[PDB]
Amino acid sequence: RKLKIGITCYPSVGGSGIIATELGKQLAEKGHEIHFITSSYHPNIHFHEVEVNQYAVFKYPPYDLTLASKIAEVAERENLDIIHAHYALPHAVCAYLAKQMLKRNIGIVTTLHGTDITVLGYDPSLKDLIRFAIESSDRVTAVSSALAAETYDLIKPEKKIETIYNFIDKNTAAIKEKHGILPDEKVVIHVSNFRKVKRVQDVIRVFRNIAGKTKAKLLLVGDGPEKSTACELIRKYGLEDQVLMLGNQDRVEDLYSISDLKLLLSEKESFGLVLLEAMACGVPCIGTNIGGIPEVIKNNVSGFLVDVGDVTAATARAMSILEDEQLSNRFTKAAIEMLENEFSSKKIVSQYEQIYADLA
């Protein structure tokens, strides 16, 4: 049965935004009627805008209250069966308030992406609010089992948290030519928001060890607070010519397509959607053995996992992969099979769809 699903999220802040929007499109293609309720296409996809109108009275812009009001407005006017929030805070709480205002039993689905753990590390006193958010949702999913376990540890809600993974939606010569890459050169890639937990310094010390060993370029893709930290480490090591600070990019597939190695060396990472994208483009990955990364990369099967801060071992693995087309190609092969099965959008979208069917 076609359903009418509200989706409330930050429009696009990397991973979760991409996921939420793609999930909406895919559902639309199966005949559901999708209403995005955010800040900010198909006949069945509609957009409703949360606009904050602070002219007086409010000391801070009442975006949470405004969002809740808008969810309830759209829920009533469009007869929504489901509101699917992404993040506990603020979105599940806003969905909750909206349900209370509506005075009917709309189903609330909440997807945890890891940001509630982050927020909690800066302000531990939010624990009970996050627990509330979870416990007030009808069904709760997490993008990895590790995240679900960390939520149970730190939040301890009375709620089943179901694991539903993330998913993803040629002329490499030309692309290398554009970025002035020589057919001669190995290509290492890293795509992130350059926040401290991404440990970009570890990516550069790994790369530096690499490029003192073979003809190599690093593609640094993204923007964020530790970018100036990055440059500095690059200049300190004198790798200015061998690194393409590419800042944030369009057509990220082009960059993964030219690359031979993807590194994600985070200390915190609930999933790592950039791993799937590198996988889909045939790039073997080295990730840290933390969060949900071991659920994506299986060590010495579809990639390598290292310890946080282990630049030495990451360098060893990098070389192993770069020098050996055998290993690289079997890693690559194993990874594509994961993509076609555990991480395919047909499979994940139908897991979310089943949730909605259950509640409707």
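A residue's number is simply how far along the shown sequence it sits, counting from 1.
J.: Note how many residues of the deposited chain are left out of the model between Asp169 and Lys170; the options are none, 1 to 3, 4 to 9, and 10 or more.
T.: The entry leaves 4 to 9 residues without coordinates here.
J.: Between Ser40 and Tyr41, determine how many residues of the deposited chain lack coordinates; answer none if the chain runs continuously, otherwise 1 to 3, 4 to 9, or 10 or more.
T.: 4 to 9 residues lack coordinates between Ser40 and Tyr41.
J.: Identify the stretch, either 58 to 66 or 299 to 307, whose C-alpha atoms have the larger mean B-factor according to the entry.
T.: Per the deposited B-factors, the answer is 299 to 307.
J.: Comparing 286 to 294 with 134 to 142, where is the mean C-alpha B-factor higher?
T.: Averaging CA B-factors over each stretch, the winner is 286 to 294.
J.: Which is it among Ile83, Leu233, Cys94, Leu112: the one with the largest CA B-factor in the entry?
T.: Of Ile83, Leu233, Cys94, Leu112, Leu233 has the highest C-alpha B-factor.
J.: Between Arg195, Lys160, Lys268, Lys186, let me know which has the highest C-alpha B-factor in the entry?
T.: The record points to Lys186.
J.: C-alpha B factor of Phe207, ranked within the chain: lowest, middle or highest third?
T.: Top third by C-alpha B-factor.
J.: Using the temperature factors of the C-alpha atoms in this entry, rank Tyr237 within its chain: lowest, middle or highest third.
T.: It belongs to the highest third of the chain when residues are ordered by C-alpha B-factor.
J.: Ranked by Cα temperature factor within the chain, is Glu73 in the lowest third, the middle third or the highest third?
T.: Within its chain, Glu73 is a middle-third residue by C-alpha B-factor, going by the deposited values.
J.: Using only modelled residues of the chain, where does the Cα B factor of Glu177 rank: lowest third, middle third or highest third?
T.: Highest third - that is where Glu177 ends up once the chain's C-alpha B-factors are sorted.
J.: Name the third of the chain's ranked CA B-factors that contains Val349, choosing lowest, middle or highest.
T.: Bottom third by C-alpha B-factor.
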